[PDB]
Amino acid sequence: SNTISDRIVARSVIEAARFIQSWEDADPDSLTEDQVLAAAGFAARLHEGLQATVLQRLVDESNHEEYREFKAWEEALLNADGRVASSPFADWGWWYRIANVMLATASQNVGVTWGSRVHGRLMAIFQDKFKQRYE
Amino acid sequence: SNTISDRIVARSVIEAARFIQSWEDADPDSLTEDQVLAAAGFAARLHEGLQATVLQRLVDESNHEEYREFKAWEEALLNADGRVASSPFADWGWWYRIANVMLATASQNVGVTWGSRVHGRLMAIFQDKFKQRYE
Amino acid sequence: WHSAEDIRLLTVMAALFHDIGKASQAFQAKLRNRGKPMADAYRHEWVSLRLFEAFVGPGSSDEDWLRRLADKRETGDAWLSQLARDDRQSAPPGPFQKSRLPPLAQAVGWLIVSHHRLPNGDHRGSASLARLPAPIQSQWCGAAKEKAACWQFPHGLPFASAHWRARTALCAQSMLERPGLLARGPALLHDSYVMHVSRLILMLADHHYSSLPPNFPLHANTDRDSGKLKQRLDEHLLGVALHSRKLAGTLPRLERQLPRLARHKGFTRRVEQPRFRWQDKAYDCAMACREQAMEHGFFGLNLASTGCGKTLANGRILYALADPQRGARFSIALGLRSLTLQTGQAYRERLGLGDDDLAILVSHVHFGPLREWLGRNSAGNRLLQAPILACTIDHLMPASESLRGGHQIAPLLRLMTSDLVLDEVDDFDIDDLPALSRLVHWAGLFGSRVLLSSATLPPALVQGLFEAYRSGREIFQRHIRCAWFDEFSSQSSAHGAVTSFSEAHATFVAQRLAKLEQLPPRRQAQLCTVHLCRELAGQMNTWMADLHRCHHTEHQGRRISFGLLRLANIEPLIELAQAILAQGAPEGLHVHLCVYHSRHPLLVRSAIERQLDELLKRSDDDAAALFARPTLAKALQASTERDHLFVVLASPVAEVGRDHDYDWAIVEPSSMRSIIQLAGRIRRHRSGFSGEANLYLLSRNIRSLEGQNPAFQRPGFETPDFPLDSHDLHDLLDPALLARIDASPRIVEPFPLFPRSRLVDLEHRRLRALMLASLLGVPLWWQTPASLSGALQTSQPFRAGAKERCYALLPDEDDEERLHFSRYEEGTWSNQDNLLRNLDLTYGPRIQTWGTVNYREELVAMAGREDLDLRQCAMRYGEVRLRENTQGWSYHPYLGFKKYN
C-alpha cells in the first residue's frame, strides 16, 4: 500500500484525469501549452493537498508505516521551506516526489510506465511554474 | 480516514472525474444518456475494485480499523452474492454503499453535497444496469 | 483412449462456432480501423455463441440440429433471421439459460464461449456453480447501439461459403452416425476432464491458425503484423478444424512419442552410503506400488525427516513409477515463488541426470509431438519435451487455474503429461493449501499421480490431497494406495475411501509419533527474550557469541563457526543487517556476514546460494578441510584474530531451500514450519549432540515487538478472525516441543487443541477451517461443474495480495557500461531512473561480508556461459520481483532492494 499517495490522488481526480488524458500521446520534447498546463495543474493540486497533510499533521502517529511515510513527506517539505534546507527541486525532494506521484498515477490508472524523459520534463515545468511556491 | 474508499477511488480517477464533471449540472429527474453512462461507468469501476479487494482479502487483519471496515464491505458482498443473502440493492447493501462512495467522491473533490434525489437516481440506474452482476 | 473420437468431434465444432461469432460488422470496422482502437464490441466469442444459438433454437433436439447442419441444401434464411438482440431493448432471454440448446449444443457453445476467456459470474452462490453451465449469461461473456452496428454493417454470414458449409454438414452426419454419442454427449458436457480437453484443443488450434499465413468478405485481425487485415475468417475456421483434427491425434500419440528420461544408472542402484536407508526402503516398496499404481493411480508421501536431504527419495519414487519402458518422465515442482538456476542445478546433480535430460524452468527453460502446431524453438515445448522439467509449483498452479489465455493451455498440457511432484510449503494458510489441493485434484484426473514429501504436512491436508485424486480417479478411470516413505519403513495403503486413507494416515502417524517419542538426538530449543531491530540485533549478537563458543571447529589454534539468522520479512532483515554493520563484531571476534533473501537479482541470488552450498557442506572431521577451503583459508590469512564467525542472515526462501548444516542459529518465529526448517539446518550433516543449546528462538513476532497482530502472518498460520489469546512465544510452545523439537508436532493429528492453547494447535485448526473440516468447499468444487467457470478461482485466489511486477538493473541499449534500473512492461522495459535510490552500508569493526556478488562480474559470467549479449542475457537472468511502491527503492550491492518510508 501507499496510503498517503492514494488519499491525495483520490482528492485530485479531475486534475489527475486531465493530466493522464493530455499526456497519453505526449512527446516530452515538444509539449503543447495544454499538456504543460495539465501537468502544472495536477502538480499544483497534489502540492496543495500534500502541504496541508504535512503542516496539519493529518496522520496516525501510532501507525508504524503511515507515520514513517508521512515523515518522509515532512522531511521533503522541511528541505524545501528552509527549516532544514531550501532546495525544493533537488533529487528526491518535494517536487521530485510529486513528479513520482504523477508517474504512479499513470501507471496505476492506464498501465503506462513513463521514465526519465517525462520525469525530467515535469521537473522542468515545475522549475518554470513553481519557483515562488517556496521562499 | 476512510482508507478503503480512498484506495479504490484512487484507482478509478478517470471514471470518477468523468462522473463528477458530467453530473455538475445534472437534474436527476431528467438525466442525459451521457450522465447515465458516466454514473454507471464509475459505479462499475468501483464495483470491480471493491469485489477484488473483498474476494482476495486485500486487507491487514491486524489493523483494527481497516479490518472492521473491510468486514463491512465483505458483509455487504455476502448479502449480495447469496452466501448470506441475495439482496444487492437493499438499503445499506452493496450498491447503496457504492452510491455513497460516489456521493463522497463529489464532496471530497468539488465540495458539492448531494442528497436523496441524486442517491435514489443512482440506485435506479444501478437496478437497470447491474441486475446481472449478482445471481 | 475411449473418449478420443468424441473429443475430436467436439473440438472440430468450435472453430466454426468462433468464426460465426466473428461475423458482425463492428468487428470488420475494427479490423479496418487501425486506430484509434475500438471497444470490443461485446466479445467476438460471445457474438459467435449467439450466432450458434440463433440457428438451432428454440427449441431443437440435438438430432434435428445435426440434421439441419448435415444437409447441404439448407438454407439458410430462417437461421439467418432467428438470433435475438439484447438491445432494442433491455432484457432478452439468456442463451442456454433455459429450454435452449440440446445439451451437447450447450457444451459446444461453452467450448466456443470459452476461448476468449473462461466464464465469469458475479453470483457466488453454491447452487449456481453446481448447475453450470446454465447460469452463464452477459456477465460470463464479459462484454448496445454499437452492438447492433456490429451485428449489422454485415455482410454475408458463413453457411454462404461453399467449403465451410460442406464441412459442417459432414460433421453433423458424423455426429448422427456415432453410436450413442449425442445423448451421452449432452449428459457429459459437465465432465471436467472432457471440458478441459475441449478447451485445451481449442486454444492450440487457434494459436496455430494465428501463426500461419477466394471471394469471401469476413476477416481476422491485422495491424500488429503488416498493416491492414490479412486472410478471411472462413479460412480461419477451416484451419481451426484442421488443427483440431491434429491435436487429438497428437494427444493419442504422446506416451510412445514423447521425450522421456529413463533408466538412469544412479536412481536404480541401491545406495551403499550410510543414512540412505529410508530412500532404499521406499524404492523397494516401489515395485508393488507400480503394479498397483499405474492401473489405479498413485498418491505417495515422502515424509523423511527435516534436516535430512530429500533428493534421493523423490528420485527413487520417480524411478519406481515407470519401469523399464517410457523411462523416464516426471516433474519436480518446488514450493518456492522462484527457482534459481543454482537450485535446479543442485537438484540435477543430486539425481545424476544430464542437463539435457533435466530441464530447468528458471520463463526460460534450460535443456516434437506437439511440434507441428507448436513453435519449432520454444520454451513451453521444451519444458514438455524434457524427460524431467524443473520450475516451481506456483507457475503450474497458475496454469491450472487461469482466468485467460493459451499460456493456461500450455500449463494444463504440462500438468497433464506424467506426474507432478510437489514440495510442502505452498499452502501457507489452511486456505492457500486448499487452493493447492484443488489444483492437485484437477491434475490427477489428467491421470498424474502426485507424491507429497510431507515432512511437515498436517494430517488433514494429507487427507485433502488424498481426496482430490479420488475424484480424479473417477474421471480418470472413465477416460488408490498411498505409500508413506520413512527412514524406519514405508507403508503403502490401497484404500478406496478417504476416511479409510486417514486412519491409515493415523496408523502411519502413530509409528512416526513413536519415533518422535524417542528423544530427538539432534536439536535444542532456547526460550530467550528481546528488549527495535537494534534492541533485537544486540540480543542476536549475544546469542551468536554464545553459540560459536559452544559450537565451533578448531584447527591449528583457530576456531570457525557457522551461524544462521532467520528473519521473517525482508525489511526487518535489512534493518538487522544495518544495525550489524554499524556495530562491529564483539571483542576478540571477526564476523563475516552474508545477506541472503529473495529480493536480490535472480542471477546474483543464485550465485550466492551456490557459494553458500559450497561453503556449508559439513562432514565429520571436516573442520580442517573447511580451513583448507578457500574462503576459510582467506579468512585465516587475512586477520590475526583466532575466532571467526561466518553468518548468514536470511529470509524464508533460503530457510525453505538449501541442504545446509549449521553449527548454530538464531531464529525469529514464524510457526511450526520455521521451527522444523531451523532444526534440519541445525543438524544437516553431523552426528551427535553437544547437548548444549545450539538454536535460539525469539519471544513476540517482530510485528509483536511492534505489537502488530495477529503476531504470525505473511507468513502466519494465524488469521485475524482465529485470534490466539496470548501473543508471547513462551506460553505458546509446550515443554515437550521445547525439547527434542522435531516435526512430530506437525505430523499430528493433534487433539484436542485449545484455540489459544497451542501454536501448533492453532495451525491445525486454521488449516482445517481449511479443507474438508467465505469458504467455498473444495469438496464442492470437486463435485460440481467448477471447471466451466472461473468462479471458484475468483473465490479463492492463488497468490492473494498484490504482486510486484518484475525489475532489473539493465545495461543500456546503447552503452554496455551504463546501468539503468528498469521495469518490464509488455515485451519491452520504461526508465526507472527516476525513482530508485542507492545506498551505502557502513562497516563495523572486525566485520566484513562473505558470499557476496558483484553484479557486473555476474553478468560477465552469464555472458561467458550462455553466449548472450550483456543486456539481453542479464535481462533473462537479472529479474527481481517487487511490490510496486511509488517512491521506489534503495539498492546496495550486498543487501538487495528495500522499500521506502
# chains A, B, ... in the order shown; residues from 1 in each chain; ligands from 1
>>> residues_around(residues="stretch 5-22 of chain A", least_positions_apart="5", cutoff="10 Å", atoms="only C-alpha atoms", output="PDB file with C-alpha atoms, in the first residue's frame")
ATOM      1  CA  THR A  32       1.771  21.676 -26.234  1.00  0.00           C
ATOM      2  CA  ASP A  34      -2.287  22.385 -22.919  1.00  0.00           C
ATOM      3  CA  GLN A  35      -0.011  19.499 -21.932  1.00  0.00           C
ATOM      4  CA  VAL A  36       2.130  21.884 -19.864  1.00  0.00           C
ATOM      5  CA  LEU A  37      -0.975  23.312 -18.179  1.00  0.00           C
ATOM      6  CA  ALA A  38      -2.400  19.853 -17.452  1.00  0.00           C
ATOM      7  CA  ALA A  39       0.850  18.786 -15.791  1.00  0.00           C
ATOM      8  CA  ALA A  40       1.217  22.007 -13.792  1.00  0.00           C
ATOM      9  CA  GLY A  41      -2.435  21.861 -12.722  1.00  0.00           C
ATOM     10  CA  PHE A  42      -2.157  18.309 -11.404  1.00  0.00           C
ATOM     11  CA  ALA A  43       1.148  19.037  -9.659  1.00  0.00           C
ATOM     12  CA  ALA A  44      -0.309  22.156  -8.031  1.00  0.00           C
ATOM     13  CA  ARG A  45      -3.307  20.203  -6.704  1.00  0.00           C
ATOM     14  CA  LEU A  46      -1.055  17.445  -5.340  1.00  0.00           C
ATOM     15  CA  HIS A  47       1.195  20.091  -3.767  1.00  0.00           C
ATOM     16  CA  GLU A  48      -1.757  21.793  -2.066  1.00  0.00           C
ATOM     17  CA  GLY A  49      -3.017  18.522  -0.602  1.00  0.00           C
ATOM     18  CA  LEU A  50       0.410  17.276   0.476  1.00  0.00           C
ATOM     19  CA  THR A  53      -1.348  16.993   5.218  1.00  0.00           C
ATOM     20  CA  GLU A  69       5.858   7.599   5.212  1.00  0.00           C
ATOM     21  CA  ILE A  98       5.370  14.957  -6.717  1.00  0.00           C
ATOM     22  CA  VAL A 101       3.238  10.564  -7.778  1.00  0.00           C
ATOM     23  CA  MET A 102       2.313  11.692 -11.304  1.00  0.00           C
ATOM     24  CA  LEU A 103       4.216   8.756 -12.823  1.00  0.00           C
ATOM     25  CA  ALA A 104       2.451   6.460 -10.336  1.00  0.00           C
ATOM     26  CA  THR A 105      -0.931   7.903 -11.307  1.00  0.00           C
ATOM     27  CA  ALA A 106      -0.361   6.963 -14.955  1.00  0.00           C
ATOM     28  CA  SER A 107       0.933   3.501 -14.036  1.00  0.00           C
ATOM     29  CA  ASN A 109      -4.763   4.113 -13.916  1.00  0.00           C
ATOM     30  CA  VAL A 110      -3.791   3.281 -17.511  1.00  0.00           C
ATOM     31  CA  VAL A 112       1.701   3.206 -18.825  1.00  0.00           C
TER      32      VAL A 112
ATOM     33  CA  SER B   1      -9.717   8.349   7.472  1.00  0.00           C
ATOM     34  CA  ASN B   2     -11.559   6.093   5.037  1.00  0.00           C
ATOM     35  CA  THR B   3      -8.638   4.150   3.590  1.00  0.00           C
ATOM     36  CA  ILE B   4     -10.581   1.513   1.633  1.00  0.00           C
ATOM     37  CA  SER B   5     -12.620   4.113  -0.236  1.00  0.00           C
ATOM     38  CA  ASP B   6      -9.501   6.199  -0.923  1.00  0.00           C
ATOM     39  CA  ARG B   7      -7.654   3.191  -2.348  1.00  0.00           C
ATOM     40  CA  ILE B   8     -10.499   2.264  -4.692  1.00  0.00           C
ATOM     41  CA  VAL B   9     -11.266   5.846  -5.779  1.00  0.00           C
ATOM     42  CA  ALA B  10      -7.546   6.427  -6.387  1.00  0.00           C
ATOM     43  CA  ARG B  11      -7.573   3.526  -8.879  1.00  0.00           C
ATOM     44  CA  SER B  12     -10.730   4.898 -10.544  1.00  0.00           C
ATOM     45  CA  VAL B  13      -9.710   8.504 -11.275  1.00  0.00           C
ATOM     46  CA  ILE B  14     -10.723   8.640 -14.952  1.00  0.00           C
ATOM     47  CA  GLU B  15     -14.200   7.288 -14.253  1.00  0.00           C
ATOM     48  CA  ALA B  16     -14.509   9.422 -11.106  1.00  0.00           C
ATOM     49  CA  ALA B  17     -13.622  12.648 -12.915  1.00  0.00           C
ATOM     50  CA  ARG B  18     -15.976  11.825 -15.788  1.00  0.00           C
ATOM     51  CA  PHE B  19     -18.823  11.264 -13.318  1.00  0.00           C
ATOM     52  CA  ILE B  20     -18.174  14.450 -11.306  1.00  0.00           C
ATOM     53  CA  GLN B  21     -17.865  16.617 -14.406  1.00  0.00           C
ATOM     54  CA  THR B 105     -16.219  11.493  -4.318  1.00  0.00           C
ATOM     55  CA  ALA B 106     -18.164  14.640  -5.230  1.00  0.00           C
ATOM     56  CA  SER B 107     -17.947  16.005  -1.681  1.00  0.00           C
ATOM     57  CA  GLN B 108     -14.214  15.472  -1.357  1.00  0.00           C
ATOM     58  CA  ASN B 109     -13.224  16.650  -4.860  1.00  0.00           C
ATOM     59  CA  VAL B 110     -15.512  19.607  -5.621  1.00  0.00           C
TER      60      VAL B 110
ATOM     61  CA  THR C 886       5.509   4.960  -5.611  1.00  0.00           C
ATOM     62  CA  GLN C 887       8.851   6.356  -4.382  1.00  0.00           C
TER      63      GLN C 887
END
>>> residues_around(residues="residue A:55", least_positions_apart="2", cutoff="12 Å", atoms="only C-alpha atoms", output="JSON, numbers by chain")
{"A": [47, 48, 49, 50, 51, 52, 53, 57, 58, 59, 70, 71, 73, 74, 75, 77, 78, 81]}
>>> write_last_selection(atoms="N, CA, C and O atoms", output="PDB file, in the first residue's frame")
ATOM      1  N   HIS A  47       0.414  19.275  -4.691  1.00  0.00           N
ATOM      2  CA  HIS A  47       1.195  20.091  -3.767  1.00  0.00           C
ATOM      3  C   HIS A  47       0.307  20.664  -2.665  1.00  0.00           C
ATOM      4  O   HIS A  47       0.650  20.617  -1.473  1.00  0.00           O
ATOM      5  N   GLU A  48      -0.852  21.206  -3.048  1.00  0.00           N
ATOM      6  CA  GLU A  48      -1.757  21.793  -2.066  1.00  0.00           C
ATOM      7  C   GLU A  48      -2.199  20.747  -1.046  1.00  0.00           C
ATOM      8  O   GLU A  48      -2.164  20.986   0.167  1.00  0.00           O
ATOM      9  N   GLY A  49      -2.570  19.556  -1.521  1.00  0.00           N
ATOM     10  CA  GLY A  49      -3.017  18.522  -0.602  1.00  0.00           C
ATOM     11  C   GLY A  49      -1.900  17.996   0.279  1.00  0.00           C
ATOM     12  O   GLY A  49      -2.111  17.726   1.466  1.00  0.00           O
ATOM     13  N   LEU A  50      -0.705  17.815  -0.292  1.00  0.00           N
ATOM     14  CA  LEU A  50       0.410  17.276   0.476  1.00  0.00           C
ATOM     15  C   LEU A  50       0.919  18.281   1.500  1.00  0.00           C
ATOM     16  O   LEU A  50       1.251  17.904   2.635  1.00  0.00           O
ATOM     17  N   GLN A  51       0.960  19.567   1.133  1.00  0.00           N
ATOM     18  CA  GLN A  51       1.373  20.582   2.102  1.00  0.00           C
ATOM     19  C   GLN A  51       0.395  20.643   3.264  1.00  0.00           C
ATOM     20  O   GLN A  51       0.801  20.777   4.424  1.00  0.00           O
ATOM     21  N   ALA A  52      -0.902  20.561   2.966  1.00  0.00           N
ATOM     22  CA  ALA A  52      -1.906  20.568   4.025  1.00  0.00           C
ATOM     23  C   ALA A  52      -1.735  19.375   4.959  1.00  0.00           C
ATOM     24  O   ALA A  52      -1.752  19.527   6.189  1.00  0.00           O
ATOM     25  N   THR A  53      -1.553  18.177   4.389  1.00  0.00           N
ATOM     26  CA  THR A  53      -1.348  16.993   5.218  1.00  0.00           C
ATOM     27  C   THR A  53      -0.139  17.161   6.131  1.00  0.00           C
ATOM     28  O   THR A  53      -0.203  16.857   7.326  1.00  0.00           O
ATOM     29  N   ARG A  57      -0.514  17.828  10.169  1.00  0.00           N
ATOM     30  CA  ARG A  57      -0.281  16.533  10.813  1.00  0.00           C
ATOM     31  C   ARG A  57      -1.467  15.586  10.638  1.00  0.00           C
ATOM     32  O   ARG A  57      -1.963  14.989  11.595  1.00  0.00           O
ATOM     33  N   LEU A  58      -1.924  15.445   9.394  1.00  0.00           N
ATOM     34  CA  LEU A  58      -3.057  14.570   9.094  1.00  0.00           C
ATOM     35  C   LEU A  58      -2.495  13.164   8.909  1.00  0.00           C
ATOM     36  O   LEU A  58      -2.197  12.707   7.798  1.00  0.00           O
ATOM     37  N   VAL A  59      -2.344  12.474  10.041  1.00  0.00           N
ATOM     38  CA  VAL A  59      -1.579  11.230  10.109  1.00  0.00           C
ATOM     39  C   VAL A  59      -1.925  10.545  11.422  1.00  0.00           C
ATOM     40  O   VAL A  59      -2.331  11.194  12.383  1.00  0.00           O
ATOM     41  N   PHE A  70       4.647   9.454   6.229  1.00  0.00           N
ATOM     42  CA  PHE A  70       4.376  10.866   6.479  1.00  0.00           C
ATOM     43  C   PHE A  70       5.664  11.630   6.760  1.00  0.00           C
ATOM     44  O   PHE A  70       5.863  12.739   6.241  1.00  0.00           O
ATOM     45  N   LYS A  71       6.535  11.063   7.600  1.00  0.00           N
ATOM     46  CA  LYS A  71       7.776  11.748   7.963  1.00  0.00           C
ATOM     47  C   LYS A  71       8.672  11.983   6.754  1.00  0.00           C
ATOM     48  O   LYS A  71       9.393  12.988   6.709  1.00  0.00           O
ATOM     49  N   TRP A  73       7.543  12.643   3.682  1.00  0.00           N
ATOM     50  CA  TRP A  73       6.967  13.836   3.069  1.00  0.00           C
ATOM     51  C   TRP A  73       7.303  15.076   3.877  1.00  0.00           C
ATOM     52  O   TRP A  73       7.595  16.135   3.310  1.00  0.00           O
ATOM     53  N   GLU A  74       7.244  14.967   5.203  1.00  0.00           N
ATOM     54  CA  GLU A  74       7.562  16.110   6.051  1.00  0.00           C
ATOM     55  C   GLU A  74       9.019  16.516   5.881  1.00  0.00           C
ATOM     56  O   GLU A  74       9.327  17.708   5.755  1.00  0.00           O
ATOM     57  N   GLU A  75       9.923  15.529   5.844  1.00  0.00           N
ATOM     58  CA  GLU A  75      11.331  15.809   5.588  1.00  0.00           C
ATOM     59  C   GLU A  75      11.512  16.532   4.263  1.00  0.00           C
ATOM     60  O   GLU A  75      12.265  17.509   4.182  1.00  0.00           O
ATOM     61  N   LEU A  77       9.360  18.439   2.755  1.00  0.00           N
ATOM     62  CA  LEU A  77       8.870  19.805   2.919  1.00  0.00           C
ATOM     63  C   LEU A  77       9.874  20.671   3.672  1.00  0.00           C
ATOM     64  O   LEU A  77      10.101  21.832   3.298  1.00  0.00           O
ATOM     65  N   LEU A  78      10.478  20.133   4.743  1.00  0.00           N
ATOM     66  CA  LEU A  78      11.458  20.898   5.522  1.00  0.00           C
ATOM     67  C   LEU A  78      12.716  21.181   4.713  1.00  0.00           C
ATOM     68  O   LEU A  78      13.442  22.137   5.009  1.00  0.00           O
ATOM     69  N   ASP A  81      11.259  24.308   2.499  1.00  0.00           N
ATOM     70  CA  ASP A  81      10.782  25.528   3.140  1.00  0.00           C
ATOM     71  C   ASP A  81      11.834  26.250   3.975  1.00  0.00           C
ATOM     72  O   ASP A  81      11.513  27.266   4.592  1.00  0.00           O
TER      73      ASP A  81
END
>>> interface_residues(of="chain B", to="chain C", cutoff="7 Å", atoms="only C-alpha atoms", output="ChimeraX atom specification")
/B:55-56,58,61-62,81-83,132-135
>>> residues_around(residues="residue C:595", least_positions_apart="2", cutoff="7 Å", atoms="only C-alpha atoms", output="ChimeraX atom specification")
/C:593,597,648-650,894-895
>>> write_last_selection(atoms="C-alpha atoms", output="CSV table (one decimal), in the first residue's frame")
chain,number,residue,atom,x,y,z
C,593,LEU,CA,28.1,-11.5,7.2
C,597,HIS,CA,16.9,-13.3,0.6
C,648,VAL,CA,24.1,-15.9,7.0
C,649,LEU,CA,21.2,-13.5,7.6
C,650,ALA,CA,18.4,-15.0,5.6
C,894,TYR,CA,25.3,-6.7,-0.6
C,895,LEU,CA,21.7,-6.1,0.6
>>> closest_residue(among="B:121, B:93, B:116, B:63", to="chain A", atoms="only C-alpha atoms")
B:63
>>> closest_residue(among="A:129, A:72, A:28, A:66", to="chain B", atoms="only C-alpha atoms")
A:66
>>> atom_distance(atom1="atom CA of residue C:880", atom2="atom CA of residue C:810")
11.7 Å
>>> residues_around(residues="residue C:584", least_positions_apart="3", cutoff="12 Å", atoms="only C-alpha atoms", output="short mmCIF file (atom, residue, chain, number, x, y, z; two decimals) with N, CA and C atoms, in the first residue's frame")
data_model
loop_
_atom_site.label_atom_id
_atom_site.label_comp_id
_atom_site.auth_asym_id
_atom_site.auth_seq_id
_atom_site.Cartn_x
_atom_site.Cartn_y
_atom_site.Cartn_z
N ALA C 537 18.76 -6.84 17.68
CA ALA C 537 20.01 -7.12 17.00
C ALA C 537 21.11 -7.41 18.01
N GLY C 538 21.14 -6.64 19.09
CA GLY C 538 22.12 -6.85 20.14
C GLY C 538 21.94 -8.20 20.79
N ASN C 541 23.26 -10.79 18.51
CA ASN C 541 24.72 -10.80 18.54
C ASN C 541 25.23 -11.55 19.76
N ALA C 577 20.53 -6.08 9.47
CA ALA C 577 21.80 -6.03 8.78
C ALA C 577 22.44 -4.67 8.96
N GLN C 578 21.63 -3.62 8.87
CA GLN C 578 22.13 -2.26 9.05
C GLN C 578 22.68 -2.07 10.46
N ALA C 579 21.96 -2.61 11.44
CA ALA C 579 22.41 -2.50 12.82
C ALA C 579 23.74 -3.22 13.00
N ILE C 580 23.84 -4.39 12.38
CA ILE C 580 25.06 -5.18 12.47
C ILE C 580 26.21 -4.41 11.86
N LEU C 581 25.96 -3.76 10.73
CA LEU C 581 27.02 -3.04 10.04
C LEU C 581 27.60 -1.89 10.87
N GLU C 587 34.34 -7.97 20.99
CA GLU C 587 35.78 -8.05 21.23
C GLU C 587 36.34 -9.45 20.98
N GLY C 588 37.50 -9.51 20.32
CA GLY C 588 38.18 -10.77 20.04
C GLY C 588 37.65 -11.55 18.84
N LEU C 589 36.50 -11.13 18.32
CA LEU C 589 35.80 -11.87 17.25
C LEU C 589 35.83 -11.17 15.89
N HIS C 590 35.86 -11.97 14.84
CA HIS C 590 35.72 -11.48 13.48
C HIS C 590 34.43 -12.04 12.95
N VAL C 591 33.54 -11.15 12.51
CA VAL C 591 32.24 -11.55 11.99
C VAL C 591 32.22 -11.36 10.47
N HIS C 592 31.85 -12.41 9.76
CA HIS C 592 31.63 -12.35 8.32
C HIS C 592 30.17 -12.49 8.07
N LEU C 593 29.57 -11.51 7.40
CA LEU C 593 28.13 -11.51 7.18
C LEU C 593 27.74 -11.74 5.72
N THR C 842 27.62 1.15 6.08
CA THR C 842 28.82 1.31 6.89
C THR C 842 29.29 -0.04 7.39
N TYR C 843 30.59 -0.20 7.60
CA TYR C 843 31.11 -1.48 8.05
C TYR C 843 31.67 -1.43 9.48
N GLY C 844 31.20 -2.34 10.32
CA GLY C 844 31.62 -2.43 11.71
C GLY C 844 33.02 -2.96 11.94
N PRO C 845 33.62 -2.57 13.06
CA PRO C 845 34.97 -3.05 13.40
C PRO C 845 35.03 -4.57 13.38
N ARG C 846 36.14 -5.12 12.88
CA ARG C 846 36.29 -6.56 12.74
C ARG C 846 35.11 -7.26 12.05
N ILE C 847 34.45 -6.54 11.15
CA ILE C 847 33.37 -7.11 10.36
C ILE C 847 33.64 -6.97 8.86
N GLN C 848 33.22 -7.97 8.09
CA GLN C 848 33.19 -7.89 6.62
C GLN C 848 32.05 -8.76 6.07
#
>>> closest_residue(among="B:91, B:25, B:33, B:65", to="chain A", atoms="only C-alpha atoms")
B:65
>>> select_by_dssp(residues="stretch 694-889 of chain C", states="strand (DSSP E)", output="JSON, numbers by chain")
{"C": [695, 696, 697, 807, 808, 809, 810, 811, 819, 820, 821, 822, 823, 824, 829, 830, 831, 837, 838, 847, 848, 849]}
>>> residues_around(residues="residue A:118", least_positions_apart="5", cutoff="10 Å", atoms="only C-alpha atoms", output="count of residues only")
13
>>> select_by_dssp(residues="stretch 292-342 of chain C", states="alpha helix (DSSP H)", output="MDAnalysis selection string")
chainID C and resid 292:296 311:321 341:342
>>> residues_around(residues="residue C:29", least_positions_apart="5", cutoff="9 Å", atoms="only C-alpha atoms", output="list in words")
residues 38, 150 and 153 of chain C
>>> write_last_selection(atoms="N, CA, C and O atoms", output="short mmCIF file (atom, residue, chain, number, x, y, z; two decimals), in the first residue's frame")
data_model
loop_
_atom_site.label_atom_id
_atom_site.label_comp_id
_atom_site.auth_asym_id
_atom_site.auth_seq_id
_atom_site.Cartn_x
_atom_site.Cartn_y
_atom_site.Cartn_z
N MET C 38 -11.01 0.46 -31.10
CA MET C 38 -12.43 0.39 -30.75
C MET C 38 -12.66 -0.44 -29.50
O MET C 38 -11.87 -1.31 -29.16
N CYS C 150 -22.52 -3.67 -34.86
CA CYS C 150 -21.64 -4.82 -35.02
C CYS C 150 -22.37 -5.97 -35.70
O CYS C 150 -21.82 -6.66 -36.56
N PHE C 153 -23.42 -3.93 -39.93
CA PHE C 153 -22.61 -3.48 -41.04
C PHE C 153 -22.37 -4.66 -41.97
O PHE C 153 -22.09 -4.47 -43.15
#
>>> residues_around(residues="residue C:34", least_positions_apart="3", cutoff="7 Å", atoms="only C-alpha atoms", output="count of residues only")
3
>>> atom_distance(atom1="atom CA of residue C:582", atom2="atom CA of residue C:840")
11.7 Å
>>> decode(residues="stretch 65-72 of chain A", atoms="N, CA, C and O atoms", output="tab-separated table (two decimals), in the first residue's frame")
chain	number	residue	atom	x	y	z
A	65	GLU	N	3.76	2.28	9.69
A	65	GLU	CA	4.02	2.50	8.27
A	65	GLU	C	3.60	3.90	7.84
A	65	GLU	O	4.39	4.64	7.24
A	66	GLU	N	2.36	4.29	8.18
A	66	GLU	CA	1.86	5.59	7.75
A	66	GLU	C	2.70	6.71	8.33
A	66	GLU	O	2.97	7.71	7.64
A	67	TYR	N	3.12	6.58	9.59
A	67	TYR	CA	3.87	7.67	10.22
A	67	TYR	C	5.25	7.82	9.61
A	67	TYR	O	5.69	8.95	9.35
A	68	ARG	N	5.93	6.71	9.33
A	68	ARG	CA	7.23	6.81	8.66
A	68	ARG	C	7.08	7.44	7.29
A	68	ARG	O	7.91	8.26	6.87
A	69	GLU	N	6.02	7.07	6.56
A	69	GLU	CA	5.86	7.60	5.21
A	69	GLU	C	5.45	9.07	5.24
A	69	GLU	O	5.88	9.84	4.38
A	70	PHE	N	4.65	9.45	6.23
A	70	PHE	CA	4.38	10.87	6.48
A	70	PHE	C	5.66	11.63	6.76
A	70	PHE	O	5.86	12.74	6.24
A	71	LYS	N	6.54	11.06	7.60
A	71	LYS	CA	7.78	11.75	7.96
A	71	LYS	C	8.67	11.98	6.75
A	71	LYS	O	9.39	12.99	6.71
A	72	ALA	N	8.65	11.08	5.77
A	72	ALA	CA	9.42	11.31	4.55
A	72	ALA	C	8.87	12.50	3.76
A	72	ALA	O	9.65	13.28	3.19
